[PDB]
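K.L.:
My questions will all concern the structure given below.
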Amino acid sequence: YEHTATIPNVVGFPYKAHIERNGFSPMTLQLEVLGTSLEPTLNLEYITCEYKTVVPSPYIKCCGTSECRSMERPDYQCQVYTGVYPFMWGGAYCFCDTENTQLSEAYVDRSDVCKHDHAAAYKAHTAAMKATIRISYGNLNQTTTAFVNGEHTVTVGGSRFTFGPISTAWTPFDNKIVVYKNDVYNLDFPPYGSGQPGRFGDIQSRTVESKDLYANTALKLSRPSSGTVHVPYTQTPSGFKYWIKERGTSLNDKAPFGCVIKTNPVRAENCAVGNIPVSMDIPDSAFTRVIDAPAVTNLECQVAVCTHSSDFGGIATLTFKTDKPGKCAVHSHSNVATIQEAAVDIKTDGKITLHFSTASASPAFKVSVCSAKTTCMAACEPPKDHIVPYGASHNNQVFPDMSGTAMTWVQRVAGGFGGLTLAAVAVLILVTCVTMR
Amino acid sequence: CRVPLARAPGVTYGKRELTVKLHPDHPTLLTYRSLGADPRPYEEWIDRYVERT
Ligand SMILES: *[C@@H]1O[C@H](CO)[C@@H](O)[C@H](O)[C@H]1NC(C)=O
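Just so you know, the protein sequences line up as chains H and S, in that order. Numbering-wise (UniProt numbering), the first sequence opens with residue 815 and increments by one. Numbering-wise (UniProt numbering), the second sequence opens with residue 596 and increments by one.
Structure follows, in structure tokens:
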């Protein structure tokens, strides 16, 4: 039996979904949403890590002939110097002067903990999101697991459910992101091609297989001082360590809807946005028929105290003549006020207590027993002076009812002030009809 | 890897306003954000006792 419904995407909020098919007793569904999780697509442009400047021991040779050779390792500084007079512990070696060679070379290589201490870049796109939904009805109460994509079944049991697609994907992520040990950032990066010497990503290596470690870290060599053996190389500090040092402003604190990020598959969980449509079909034998416990007769409602707006302050009394006592269904058609009690047992006396809540001081919620329906109104004037630490359990719609009890005098004074000018128009019309002649 | 745990901040809620007293033993960090569409983030290091509204 197909039927459609909508659920606000608010975690921890029980939802009541009423099915009122004829030929059977009307029935109610308890809906729970537990920890949604939006998972994006990842592209893995390149990688960034520390760099080690590998320099071999300098080459000394006292003949004067230079040997300049070029290899394929990154950012060589191929240079050899003359006029060197090196010194060591034993004073000095050799005798010749003004005719000597001093070969100095250095290059760069990836870090030793590159396997573990790396930082990853990723590209985001249209993202799917999974949700865990708990369904309950008469003597059946189970959790589910659905991808809540455009179309997909659940098959919790006798019935079957299909959760519709999200209205809009307001993903906190966007385009390019960085993942590094349990936190992400909405910080853009230079492309894999070229990078600035020092800011960030001065090493733009690809996947961890250590191939073509592109470097633009700008090594520079210089003439060693005349004192002893040297290898003077100038280098800017690693941008990876500096970026870690500055860090700051983690994205986990910038979620526009308080959506906590977990990094193992990189997903965002426990955040409210939009609403989720759903469709369902139910077998005929999943509930009772109309012949069981029809005991509505007449109906009227009363309210004792209606201190509202925090969890539930609307205690209501419903009395009615009863047939053989038994179970039944109860809900409210409108959404200005919401109840918590599911299908409740009915005694022969007929006195039934209900708990509901609302926002406006003049609710017009229309209660509905599994066969009857009567308008219920209350003067829920008194608020309460607190700042609650728990969750709200009603719709945010606050609006005094059209009928109401405190705003009636506004309506009557407006109607009377309109009536003055309406009667003035009437008397003018009669006068002008007299004088038109 | 063990890490310290600061004392519970002293909260004294007003109306549509939240007042808190902070008694730090070492320089720590306090951040807050709003569940609404505009988050309005905030972060600021703390080293001495201070009140924040
Ligand atoms: C469903 O069962 C769980 C026990 O696992 C219980 O805590 C929960 O209240 C039940 N649902 C309802 C609507 O009673």
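Built from N, CA and C at the ideal position, the CB exists for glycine as well.
Counting C-beta neighbours from all protein chains within 10 Å, is the total for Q1211(H) 16 or more, i.e. buried, or is it exposed?
P.N.:
The count along the first sequence starts at 1 and reaches residue 1211(H) at position 397. Exposed, since its Cβ has fewer than 16 Cβ neighbours within 10 Å.
K.L.:
Check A1178(H) in the structure and name its three-state DSSP category.
P.N.:
Within the first sequence, residue 1178(H) is the residue found at index 364, counting from 1. Three-state result, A1178(H): coil.
K.L.:
Among the candidates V1022(H), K830(H), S1146(H) and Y936(H), whose CA atom is the shortest distance from the CA of residue 1328(H)?
P.N.:
Here chain H covers residues 815 to 1251 and nothing more, so residue 1328(H) does not appear.
K.L.:
With H, G and I counted as helix, E and B as strand and the rest as coil, what does DSSP make of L1027(H)?
P.N.:
As a working mapping, residue 1027(H) is identified with position 213 in the first sequence. Coil.
K.L.:
Here's a check: name, in chain order, each residue in its chain whose Cβ is nearer than 6 Å to the Cβ of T855(H), leaving out the five neighbours to either side.
P.N.:
Numbered from its first residue, the first sequence carries residue 855(H) at position 41. If we look at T855(H) and ignore the five residues flanking it on each side, its Cβ neighbours are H939.
K.L.:
With burial defined as no fewer than 16 other Cβ atoms inside 10 Å of the residue's Cβ, what is the status of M1216(H): buried or exposed?
P.N.:
Here the question's residue 1216(H) lines up with position 402 in the first sequence. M1216(H) comes out exposed.
K.L.:
Select from the segment 596-627 of chain S all residues with a C-beta closer than 7 Å to any C-beta belonging to chain H, and list them in chain order.
P.N.:
Answer set for the segment 596-627 of chain S: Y608 and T626.
K.L.:
Please state whether DSSP places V598(S) in a helix, a strand or coil.
P.N.:
Reading the second sequence from its first residue, position 3 is the one you call residue 598(S). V598(S): coil per DSSP, three-state reduction.
K.L.:
When DSSP labels each residue in this structure, what does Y899(H) get in the three-state scheme?
P.N.:
Locating residue 899(H) in the first sequence gives position 85, counting from the first residue. Of the three classes helix, strand and coil, the one that applies to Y899(H) here is coil, per DSSP.
K.L.:
Could you round the C-beta distance between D889(H) and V922(H) to whole angstroms and report it? I think they count as a contact, below 8 Å.
P.N.:
Sequence index remark: in the first sequence, residue 889(H) carries index 75 (1-based). Sequence index remark: in the first sequence, residue 922(H) carries index 108 (1-based). Contact holds; Cβ gap of about 6 Å.
K.L.:
To which residues of the same chain is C928(H) closer than 6 Å at the C-beta, ignoring the five residues directly before and after it?
P.N.:
Here residue 928(H) refers to the residue found at position 114 of the first sequence. Around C928(H): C863.
K.L.:
Can you tell me whether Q844(H) sits near ligand 1, meaning its C-beta is under 7 Å from at least one heavy atom of the ligand?
P.N.:
Your numbering for residue 844(H) matches position 30 in the first sequence. Yes; taking the cut-off as 7 Å, the Cβ of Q844(H) has a heavy atom of ligand 1 nearer than that.
K.L.:
Whose Cβ in chain H lies nearer than 8 Å to the Cβ of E646(S)?
P.N.:
Walking along the second sequence from the start, residue 646(S) turns up at place 51. By Cβ distance, chain H contributes nothing, its closest Cβ being about 17 Å from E646(S), past 8 Å.
K.L.:
Is DSSP giving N1089(H) helix, strand or coil here?
P.N.:
Along the first sequence, read from residue 1 onward, the residue named residue 1089(H) stands at position 275. In this structure, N1089(H) counts as strand in the three-state DSSP scheme.
K.L.:
Counting only the same chain and skipping the five closest in sequence on each side, list residues whose C-beta sits under 6 Å from that of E913(H).
P.N.:
Stepping through the first sequence from its first residue, residue 913(H) is reached at position 99. Excluding positions up to five away in sequence, the list reads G878.
K.L.:
Closer than 7 Å to a non-hydrogen atom of ligand 2 - does that hold for the CB of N953(H)?
P.N.:
Only ligand 1 can be found as ligands here, which leaves ligand 2 out of the picture.
K.L.:
Going along the chain, which residues of the segment 1036-1068 of chain H sit with their C-beta nearer than 8 Å to a C-beta in chain S?
P.N.:
From the segment 1036-1068 of chain H, only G1062, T1063, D1067 and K1068 have a Cβ closer than 8 Å to chain S.
K.L.:
Would you mind giving the Cβ-Cβ distance between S1024(H) and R924(H), rounded to the nearest angstrom? I have them listed as a contact below 8 Å.
P.N.:
Here residue 1024(H) refers to the residue found at position 210 of the first sequence. Here residue 924(H) refers to the residue found at position 110 of the first sequence. So it is a contact: roughly 6 Å between Cβ atoms.
K.L.:
Kindly indicate the opening and closing residues of the alpha helix (DSSP H) around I949(H).
P.N.:
Residue numbering aside, residue 949(H) sits at position 135 when the first sequence is read from its first letter. Premise fails: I949(H) lies in the beta strand (DSSP E), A942 to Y951, not in any alpha helix (DSSP H).
K.L.:
According to DSSP, simplified to helix, strand and coil, what is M1094(H)?
P.N.:
Looking up residue 1094(H) in the first sequence gives position 280. The answer is strand: DSSP assigns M1094(H) an E or B state.
K.L.:
Distance cutoff 8 Å, beta carbons only. Does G1072(H) sit that close to anything in chain S?
P.N.:
The sequence position of residue 1072(H) within the first sequence is 258, counting from 1. Yes, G1072(H) lies at the interface with chain S (some Cβ there is under 8 Å from its Cβ).
K.L.:
According to the neighbour-count rule (16 or more other Cβ atoms, all chains shown, within 10 Å of its Cβ), is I1105(H) buried or exposed?
P.N.:
Taking the first sequence and counting its residues from 1, one reaches residue 1105(H) at position 291. Under this definition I1105(H) is an exposed residue.
K.L.:
Return the first residue and the last residue of the beta strand (DSSP E) that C1115(H) is part of.
P.N.:
Looking up residue 1115(H) in the first sequence gives position 301. From DSSP, the beta strand (DSSP E) with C1115(H) extends over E1114 to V1117.
K.L.:
So the candidates are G1012(H), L1132(H) and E1195(H); which of them puts its Cα closest to the Cα of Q1049(H)?
P.N.:
Translated into positions along the first sequence, residue 1049(H) becomes position 235. Of the listed residues, the one whose Cα sits closest to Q1049(H) is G1012(H).
K.L.:
Counting along the chain, where does the beta strand (DSSP E) carrying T1222(H) start and finish?
P.N.:
Translated into positions along the first sequence, residue 1222(H) becomes position 408. Not the beta strand (DSSP E): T1222(H) falls in the alpha helix (DSSP H), residues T1222 to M1250.
K.L.:
Compare the C-alpha of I821(H) against each of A1178(H), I980(H), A1151(H) and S1185(H) and name the closest.
P.N.:
As a working mapping, residue 821(H) is identified with position 7 in the first sequence. When each option's Cα is compared against that of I821(H), the closest is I980(H).
K.L.:
I believe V1022(H) touches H932(H) by the beta-carbon criterion, under 8 Å. Please report the beta-carbon distance rounded to the nearest angstrom.
P.N.:
As a working mapping, residue 1022(H) is identified with position 208 in the first sequence. As a working mapping, residue 932(H) is identified with position 118 in the first sequence. Yes, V1022(H) and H932(H) are in contact; Cβ-Cβ is about 7 Å, under 8 Å.
K.L.:
Ligand 1 and residue 785(H): does any heavy atom of the ligand fall closer than 7 Å to the residue's C-beta?
P.N.:
What is shown of chain H runs 815 to 1251, which leaves residue 785(H) out entirely.
K.L.:
Who are the neighbours of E638(S) on chain H, taking C-beta pairs under 8 Å?
P.N.:
In the second sequence, counting from the first residue as 1, residue 638(S) sits at position 43. Ordered by position in chain H, the residues that pass the 8 Å Cβ test against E638(S) are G1062, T1063 and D1067.
K.L.:
Any idea which residues DSSP pairs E834(H) with across the strands?
P.N.:
As a first step, residue 834(H) is located in the first sequence; it is residue number 20 there, counting from the start. DSSP output for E834(H) lists no bridge partner at all.
K.L.:
Apply the 10 Å Cβ neighbour rule to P986(H) and answer buried if 16 or more other Cβ atoms are within range, or exposed otherwise.
P.N.:
The sequence position of residue 986(H) within the first sequence is 172, counting from 1. With 16 or more Cβ atoms within 10 Å of its Cβ, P986(H) is classed as buried.
K.L.:
Along chain S, in chain order, which residues have C-beta atoms closer than 7 Å to that of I1201(H)?
P.N.:
As a first step, residue 1201(H) is located in the first sequence; it is residue number 387 there, counting from the start. Simply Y608.
K.L.:
What residues in its chain sit with their C-beta under 6 Å from that of residue 807(H), if we drop five residues either side in the sequence?
P.N.:
Residue 807(H) is absent from the structure shown; chain H starts at 815 and stops at 1251.
K.L.:
Going by CA-CA distance only, name the one from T818(H), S851(H), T842(H) and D1159(H) that's closest to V824(H).
P.N.:
The count along the first sequence starts at 1 and reaches residue 824(H) at position 10. Of the candidates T818(H), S851(H), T842(H) and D1159(H), the one whose C-alpha sits nearest the C-alpha of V824(H) is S851(H).
K.L.:
Return the Cβ separation of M1094(H) and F961(H) in integer angstroms, given the expectation that the two are a contact with Cβ distance under 8 Å.
P.N.:
In the first sequence, counting from the first residue as 1, residue 1094(H) sits at position 280. In the first sequence, counting from the first residue as 1, residue 961(H) sits at position 147. Contact flag wrong, Cβ pair sits at about 16 Å.
K.L.:
Indicate the three-state DSSP secondary structure (helix, strand or coil) for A1100(H) in the structure shown.
P.N.:
Locating residue 1100(H) in the first sequence gives position 286, where the first residue counts as 1. Correct three-state label for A1100(H): helix.
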